[PDB]
Amino acid sequence: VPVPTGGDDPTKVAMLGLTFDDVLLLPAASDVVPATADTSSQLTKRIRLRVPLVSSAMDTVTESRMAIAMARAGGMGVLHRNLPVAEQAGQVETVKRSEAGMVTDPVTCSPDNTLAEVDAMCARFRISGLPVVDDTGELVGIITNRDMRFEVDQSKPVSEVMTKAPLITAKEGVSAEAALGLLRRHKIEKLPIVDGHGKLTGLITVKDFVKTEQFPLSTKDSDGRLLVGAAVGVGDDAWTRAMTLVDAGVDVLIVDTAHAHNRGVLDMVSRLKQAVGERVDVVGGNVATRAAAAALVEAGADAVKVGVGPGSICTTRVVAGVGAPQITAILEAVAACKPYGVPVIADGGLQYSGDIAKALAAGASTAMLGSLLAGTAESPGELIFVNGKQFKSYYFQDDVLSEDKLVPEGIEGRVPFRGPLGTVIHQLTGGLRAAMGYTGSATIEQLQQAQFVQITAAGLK
Amino acid sequence: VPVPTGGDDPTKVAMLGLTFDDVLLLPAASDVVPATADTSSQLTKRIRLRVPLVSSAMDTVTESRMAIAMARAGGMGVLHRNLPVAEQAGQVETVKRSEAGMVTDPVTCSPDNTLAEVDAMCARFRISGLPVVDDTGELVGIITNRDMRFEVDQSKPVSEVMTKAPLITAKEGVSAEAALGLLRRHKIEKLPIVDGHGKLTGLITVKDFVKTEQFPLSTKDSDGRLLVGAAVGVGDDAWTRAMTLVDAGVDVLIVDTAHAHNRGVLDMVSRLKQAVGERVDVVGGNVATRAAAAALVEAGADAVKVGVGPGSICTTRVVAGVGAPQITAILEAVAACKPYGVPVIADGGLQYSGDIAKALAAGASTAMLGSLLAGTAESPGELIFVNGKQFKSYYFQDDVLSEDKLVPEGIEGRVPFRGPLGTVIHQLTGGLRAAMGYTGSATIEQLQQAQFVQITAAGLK
Amino acid sequence: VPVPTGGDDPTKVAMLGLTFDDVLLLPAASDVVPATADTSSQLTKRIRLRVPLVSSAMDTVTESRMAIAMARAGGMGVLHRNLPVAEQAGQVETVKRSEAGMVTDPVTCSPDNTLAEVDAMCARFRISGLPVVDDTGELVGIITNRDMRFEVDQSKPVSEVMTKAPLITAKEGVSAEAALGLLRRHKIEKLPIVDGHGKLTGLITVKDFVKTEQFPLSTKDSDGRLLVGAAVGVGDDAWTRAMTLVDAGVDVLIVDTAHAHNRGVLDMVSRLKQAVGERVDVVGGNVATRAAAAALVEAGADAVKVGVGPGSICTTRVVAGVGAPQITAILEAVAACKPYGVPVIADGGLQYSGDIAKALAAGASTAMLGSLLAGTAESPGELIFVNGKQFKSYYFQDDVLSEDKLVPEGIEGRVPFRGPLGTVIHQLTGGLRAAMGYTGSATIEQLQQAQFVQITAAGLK
Amino acid sequence: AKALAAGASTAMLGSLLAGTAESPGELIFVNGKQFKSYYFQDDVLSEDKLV
Ligand SMILES: Nc1nc2c(ncn2[C@@H]2O[C@H](COP(=O)(O)OP(=O)(O)OP(=O)(O)O)[C@@H](O)[C@H]2O)c(=O)[nH]1
Ligand SMILES: Nc1nc2c(ncn2[C@@H]2O[C@H](COP(=O)(O)OP(=O)(O)OP(=O)(O)O)[C@@H](O)[C@H]2O)c(=O)[nH]1
Ligand SMILES: Nc1nc2c(ncn2[C@@H]2O[C@H](COP(=O)(O)OP(=O)(O)OP(=O)(O)O)[C@@H](O)[C@H]2O)c(=O)[nH]1
Ligand SMILES: Nc1ncnc2c1ncn2[C@@H]1O[C@H](COP(=O)(O)OP(=O)(O)OP(=O)(O)O)[C@@H](O)[C@H]1O
Ligand SMILES: Nc1ncnc2c1ncn2[C@@H]1O[C@H](COP(=O)(O)OP(=O)(O)OP(=O)(O)O)[C@@H](O)[C@H]1O
Ligand SMILES: Nc1ncnc2c1ncn2[C@@H]1O[C@H](COP(=O)(O)OP(=O)(O)OP(=O)(O)O)[C@@H](O)[C@H]1O
Ligand SMILES: [Mg+2]
Ligand SMILES: [Mg+2]
Ligand SMILES: [Mg+2]
Ligand SMILES: [Mg+2]
Ligand SMILES: [Mg+2]
Ligand SMILES: [Mg+2]
């Protein structure tokens, strides 16, 4: 009649929770070579990554540089929201404008501008070449870096320095092979694209082709632009922020909260899904139970993010006494999401590449990376030397249950330097490929069927 | 036939005991904002606290200053009993006389007293002003701190310094608004209250109204005086101590023993309950099993205190080999006390605010704070500096099973400094409100229904 | 319906894995004296060792010197494969040529050779005596170390220094006692063996009788030569390497891979068994499950080697998240191998002699010793002194799942010195004999039936 | 500054420059730290003989 651990209710202690350190992946029959294993996986219902890694929406992890680097490596970045709406939207714009199959609204100047104005425009948009259009809107020339580097008088007008029409151009609908042939024949880096009337429509650069060859794994939309995501909260400020981000061209909106089994979070997910769901994907915030995942799935989430106090000495566990070991949390959330085709993003608690393999094996489709990327070169911050070691030096945060509320006021900074993002991603992917080879998993979908062995406390000594 | 751990008896090892570190609170469906979470809870069957915390009856934790500070913060203090009966009764009187709606036995002098005598009475009662009455008992004036501060001659009598009658007074039963309006209209801090014959009956001060505004959460009786509790042992000395404390105006008596599953303790609880039950509440000492709690409930205790060797390296565990992990002990005691409506106080083993949340979720109604408050400014002792650090420098104890009977003779002292009490209480309540937000608990009674997840040893690495 | 550790699939967490530190051997009724316990056990179906220990096929552990020392101690060595095929075959020849009952193809010189050429041959083969043969092929004399140490001019020919025929010889089929009598009556160290025509066919030395007396536990074939094993990989290069090693006289082939539950490895084992199985034994790579052991048995393996990520902080566990605790892995593999009489080799995770006893009690027939032997005098490398301490200073590695693929490019070396191999082997065998005395096991086959007790984390504190 | 004050005209810098980016070697990461990786010397009295 009594429960052995106390009391008379068998459900007072609901489950035994397993973390990453409690389990290992068992070897199985394999004909899979690690170099031939396919590591592509679904981020949402409509977005498949080549490398199943996403960078966290933390102000020490993901800004435009990290987002570009992650999308180039085959994953994706989620821009943090600890900043004004205009600044986050501009970061989305920066990521989307990094590269493309064809620039569809290129920056143009007029013949009357000075060279100082053109230099300012180039610095503002981080480009080096501008088509020149007159008051009619007609393309009268093009001014690039070569023309301006040899000029001293910055007050000179553009019409005096630009390469005047007729130019080397192509019509709308020009094939990529023809465009590159025209670029290589005339030994120029730029090719304006014009309509039937000759007015400018677009611009094609050799640099875009070189980037496409240099980063074959890039995460891109149908226009050849890198994908990016951004985080929003709950409220009306958050609704305005979400609409601005959608206008800027974002691909994924993450309703990013500490505790997503809340009616406000679910209403925000449903509102976003009905309002802008045909264009962007909506990812629901952090859950740790089967019921919360099912609630998010009913609300209409395209992916479910999992983890609530997942770390051992997490501030949520110490201060509030709340948590859920991550392996059991992922198993429970997958049990709710998998029947409906909704992917799962494992967020938090990861320390090594073996943890990534374990989390994917438990049923998650992607892993979100935080502290593993905070010290990298692409993460925000300035690089400084202190005593021969290297470090990275640096109104919002309205979530009532975030860890920054639970910690006392003080100081945090000087995260150590970890090097380029490429090496970290290469190491993590190598570990994942080794695990796939051991378990005989040709794909991530097969890895999600692998078996575990539970180890005792003696196995961690 | 054999038990897997040895022997033939399956009841030799009765249970598996869970401590605080073994469990976490699982997130649940919530609409609760931490700021609007109601943290009030029952201390006994008749006393409800705004903050469900009480300070321990230890000579390093609770004296009159700590008790006043705790009752002002919404909790309560229990005065320790490691001191003579007269001194503990004096501390009870000090706490009860700190503030009131109206002072009912005001300190008065006679016109023949010198200013030195009035100064001595002021220092004795820690007040600054006195009404003056003659042998007839008529109110002949009032002498306050303003009159005395400008007198160089200490040897003068009161009749030459006091403000003579007629005074600004009020009738018995005057309302709060009328009394405060009369105080403000005449720009005075004191208002004597007189009967139909004009003989002095009470005193109303502006400082009491200001205190009521300044500490809105204070734990008070119907007269507006702060509540306080005090500990007693067992024996006839303990009976005399209890009667003296009840005379001094104590609100809670705690029969404080290391092992309450004793006929002496139970008979003492029944005796106190029969003699002074209608006036004060009786709390039974520390238990750790369902049977002991049931025995205390039958004896008539108004609250049951839980914990016998709850600390991991406790002296009781090391020296006597006796103990009970606190989560299981709380579950077992609640299983016996809740059907009868007797609240449970969790005493010992608490290190973080998360532990307080876990103890309340296991079924307890209040938590008793020991070492968490010993370094605070309001705890007894003198603050000193040693080596750049701050430390707090400092016949009875008939409990045969207490830890001081187990520990050898030596030196204990110099507890470290921890700052003001209010900051510690604020941190603990913030943790509790975060836990209530995560679990979706609007009240403490709902928090007592929250579920746990048991974690493995790997979750503590 | 739901699994307590998460999800709905009860086989997601397949088992609970036990390591060496989780178990102890229980004392049982014994009449066994440790000195008289029989420690011999099967390495394969056809090879029985006197001491159930084999040295790892690592380039810091086993080369020719270690193989000879292990065979002389009563175990065996396995030569590593991180070197060219010619060098490994040469080390096989070195081990096989160390000692014998009779040298079947003794090295010879000709009367027209210079003493420098004879010195070169002696240095090459590490001998000190050669019979002399003419162009006819008749034995004309013998030149040994005594004849060469007293000649100053190294330019003199063999015919002027050698002892001329007639010599002391014996006919093919001469017994050992007769040959030793011939050696001792004429006070010589060598005895050529000739056929009816008078042609040289063999050689018998006093040194071989002395070695047989000096190392009575040696692991030898029917010709009195030490047994040796060698590691091969998978692929066509591996097939050529294996054929060369077999031609050099190897006794055991070990298909040495990280993950043997692979069709390629199984095919290699079957091919080798079909080709050279009647001469040599083929041992299959590392497995950790019952199914993998059953596959290796079906492939035709003569013994099964067990262990995949067995160490607690193993690189395979951290980087790939893959492993299996060694006690459970051994139990599972033995369940598949014992019905067919296939011995099990426990490889990895051994730290103490008690672990060797536990591995054998779980069902293994032999244990492979790695890092326990890496710093011994007989292990490869050169002994140096650094800061008062003693250290050991020093295209292939094609296995896709080997740990070196997982470790980052970097630096390793300077293993510490651990004394001679004899003391290590003596200590390990002493521990094993004590375990046999405690469990009442006269043979290793009886030790394989002993029981375990599982201990808690407190038992490791 | 002290060396130039004593009368020297220039100072030769050795170990102060050994770890800089322009010095020979390859930059690597080891455990979160950064390091630089890599018949002649016939001088009879050089330190390399003594060590
Ligand atoms: N010219 C131009 N490029 C843009 C614009 N917006 C984004 N880009 C991108 O910026 C890159 C081209 O920038 P530039 O530096 O002017 O190109 P470039 O002169 O070919 O560059 P290099 O080969 O590095 O000399 C391409 O990846 C474009 O897709 C824009 O308005 N104008
Ligand atoms: N005057 C007076 N106050 C008492 C007595 N017993 C308790 N008190 C409390 O002590 C406080 C008043 O102390 P005083 O020092 O006289 O206060 P005050 O001079 O009016 O106040 P401040 O000048 O603002 O400090 C109130 O909170 C009273 O409730 C008593 O006998 N006389
Ligand atoms: N002489 C000789 N010994 C061989 C040959 N091949 C293997 N051996 C072994 O090498 C050992 C003999 O080596 P030697 O040094 O020539 O022997 P020895 O001169 O009799 O020995 P010591 O004078 O006691 O050192 C024996 O163990 C032989 O079995 C060979 O071709 N010639
Ligand atoms: N489509 C075009 N038609 C005609 N002239 C062009 C065209 N595109 C560029 N030019 C001219 O070709 C010249 C070379 O410029 P280009 O754009 O190739 O390089 P850049 O970016 O200016 O220089 P850099 O070599 O520093 O990257 C310039 O004078 C430019 O005006
Ligand atoms: N009820 C009263 N009627 C008439 N005079 C009074 C009354 N109470 C106090 N006084 C007088 O009014 C003056 C101001 O005293 P009050 O009680 O306001 O403050 P205090 O405690 O004397 O001084 P402090 O400003 O230091 O608090 C004194 O001279 C006092 O004697
Ligand atoms: N079978 C033999 N018949 C005749 N003479 C022999 C024979 N074997 C060796 N001798 C000769 O006997 C002498 C001693 O040879 P032996 O083999 O006993 O020792 P060794 O190996 O030359 O020297 P050491 O004494 O250093 O071990 C040599 O001069 C050698 O030529
Ligand atoms: Mg350019
Ligand atoms: Mg260029
Ligand atoms: Mg005053
Ligand atoms: Mg005042
Ligand atoms: Mg010899
Ligand atoms: Mg000799």
Side-chain angles (χ1 to χ4, degrees), chain C residues 64-65 67-69 71-72 89-111 113 115 117-134 137-152 154 156-172 174-176 178-195 198-228 248-251:
Chain C
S64 60
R65 186 178 180 189
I68 290 156
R72 284 180 179 160
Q91 288 186 29
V92 170
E93 291 183 346
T94 305
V95 176
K96 296 303 294 178
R97 215 212 168 79
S98 187
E99 51 201 80
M102 166 172 59
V103 183
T104 59
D105 314 79
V107 184
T108 64
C109 63
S110 81
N113 303 115
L115 295 189
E117 179 166 22
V118 177
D119 186 81
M121 300 169 82
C122 290
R124 172 181 170 190
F125 292 100
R126 300 200 78 87
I127 57 175
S128 85
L130 281 78
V132 187
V133 296
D134 58 7
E138 181 172 318
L139 180 65
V140 293
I142 184 165
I143 176 172
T144 76
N145 187 261
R146 271 250 175 184
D147 308 317
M148 299 178 75
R149 71 178 285 203
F150 297 119
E151 289 288 336
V152 177
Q154 305 314 297
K156 291 180 70 170
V158 170
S159 45
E160 305 276 50
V161 183
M162 64 157 166
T163 289
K164 285 189 287 287
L167 307 176
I168 307 300
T169 59
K171 300 291 181 68
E172 287 198 294
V174 59
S175 73
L180 193 63
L182 280 168
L183 287 163
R184 292 207 275 225
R185 184 158 75 98
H186 305 292
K187 300 198 296 191
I188 43 176
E189 289 179 347
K190 290 153 195 61
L191 182 75
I193 314 297
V194 295
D195 60 10
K199 192 172 183 183
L200 178 72
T201 62
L203 179 67
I204 298 180
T205 78
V206 171
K207 195 166 192 168
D208 288 316
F209 293 96
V210 171
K211 284 174 178 175
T212 298
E213 297 170 40
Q214 179 178 9
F215 303 106
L217 257 57
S218 299
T219 313
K220 289 173 170 176
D221 54 36
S222 61
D223 293 352
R225 328 221 287 156
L226 308 170
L227 299 192
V228 76
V250 85
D251 303 275

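Numbered from 1 within each chain, the chains take letters A, B, ... in sequence-line order. Read the numbers this way: they start at 1 and go in the same order the structure lists the ligands and their atoms. Because only heavy atoms are used, hydrogens play no part in the values below, and waters and symmetry mates are left out as well, while side chains stay in.
- Ligand 3 is approached by C:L203 to a heavy-atom distance shorter than 4.0 Å.
- Comment: C:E99 does not engage C:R225 in a salt bridge, judged by the lack of any side-chain N to carboxylate O separation of less than 4.0 angstrom.
- For the Mg ion (ligand 11), the count of nearby protein N/O/S atoms, taking only those under 2.8 Å, is 1.
- The protein heavy atom nearest to atom 25 (O) of ligand 3 is C:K207 NZ, 3.2 Å.
- Closest non-hydrogen pair, C:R97 versus C:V103, comes out as NH2-CG1, 3.9 Å.
- Taking every non-hydrogen atom of C:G129 and a distance limit under 4.0 Å, the qualifying atoms of ligand 3 come out as 1 (N), 16 (O).
- With atom 4 (C) of ligand 3 as the reference point, the heavy atom nearest to it among C:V107, C:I127, C:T212 is part of C:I127.
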Side chain to side chain contact (heavy atoms under 4.5 Å, CB included) between C:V158 and C:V118, worked out: CA-CA 8 Å; C:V158 170; C:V118 177; 3.7 Å; yes

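- Contact atoms of ligand 3 toward C:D208: 26 (C), 27 (O), 28 (C), 29 (O) (distance under 4.0 Å to a heavy atom of the residue).
- Taking a cut-off of under 4.0 Å to the non-hydrogen atoms of C:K190, the atoms of ligand 3 that pass are 18 (P), 19 (O), 20 (O).
- Screening C:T163, C:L115, C:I142 for a side chain to side chain contact (heavy atoms under 4.5 Å, CB included) involving C:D147 leaves a single residue, C:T163.
- Applying the side-chain hydrogen bond (donor to acceptor under 3.5 Å, both in side chains) criterion to C:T104, with sequence neighbours excluded, gives no partner residue.
- With hydrogens left out, the protein atom closest to atom 9 (C) of ligand 3 is C:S98 O, 4.0 Å, a heavy atom.
- At a heavy-atom cutoff of 4.0 Å, ligand 3 is contacted by both the backbone and the side chain of C:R97.
- Taking every heavy atom of both residues into account, C:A248 and C:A89 meet most closely at CB-O, 3.8 Å.
- Inter-residue side-chain proximity for C:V133 and C:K199 is flagged as unmet; no heavy-atom pair is nearer than 4.5 Å.
- Counting only heavy atoms from C-beta outward, the side chains of C:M102 and C:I193 approach each other to under 4.5 Å.
- With a 4.5 Å cut-off on side-chain heavy atoms, C:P216 and C:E213 do not count as touching.
- Residues C:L226 and C:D251 approach most closely at O-OD2, 4.1 Å, considering heavy atoms.
- For atom 16 (O) of ligand 3, the nearest protein heavy atom (residue, atom name, distance) is C:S128 N, 3.1 Å.
- Those atoms of ligand 3 that come under 4.0 Å of a heavy atom in C:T205, given as number and element, are 26 (C).
- Of all heavy-atom pairs between C:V132 and C:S110, the closest is CG1-C, 3.8 Å.
- Under the rule for a side-chain hydrogen bond (donor to acceptor under 3.5 Å, both in side chains), the partners of C:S98 that lie at least two apart in sequence or sit in another chain are C:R72.
- For ligand 6, residues of the protein lying within 4.0 angstrom by heavy-atom distance are C:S128, C:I142, C:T144, C:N145, C:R146, C:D147, C:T163, C:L167, C:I168, C:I188, C:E189, C:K190, C:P192.
- The ligand atoms of ligand 3 that sit less than 4.0 angstrom from a heavy atom of C:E189 are 18 (P), 19 (O), 20 (O), 21 (O), 22 (P), 23 (O), 24 (O).
- For the pair C:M121 and C:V107, the minimum side-chain heavy-atom distance is below 4.5 Å.
- Scanning all heavy atoms of the two residues, the minimum distance from C:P131 to C:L200 falls at CB-CD2, 4.0 Å.
- At a 3.5 angstrom cut-off on N or O pairs, C:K211 counts as close to ligand 3.
- Around the CD atom of C:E138, the shell of radius 6.0 Å holds no more than 12 heavy atoms that belong to other residues, nucleotides or ligands.
- C:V92 and C:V228 get closest at one heavy-atom pair: CG1-CG1, 4.2 Å.
- Of the protein's non-hydrogen atoms, the one nearest atom 8 (N) of ligand 3 is C:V103 CG2, 3.9 Å.
- Close contacts of ligand 3 with C:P106, meaning ligand atoms under 4.0 Å from a residue heavy atom, involve 31 (O).
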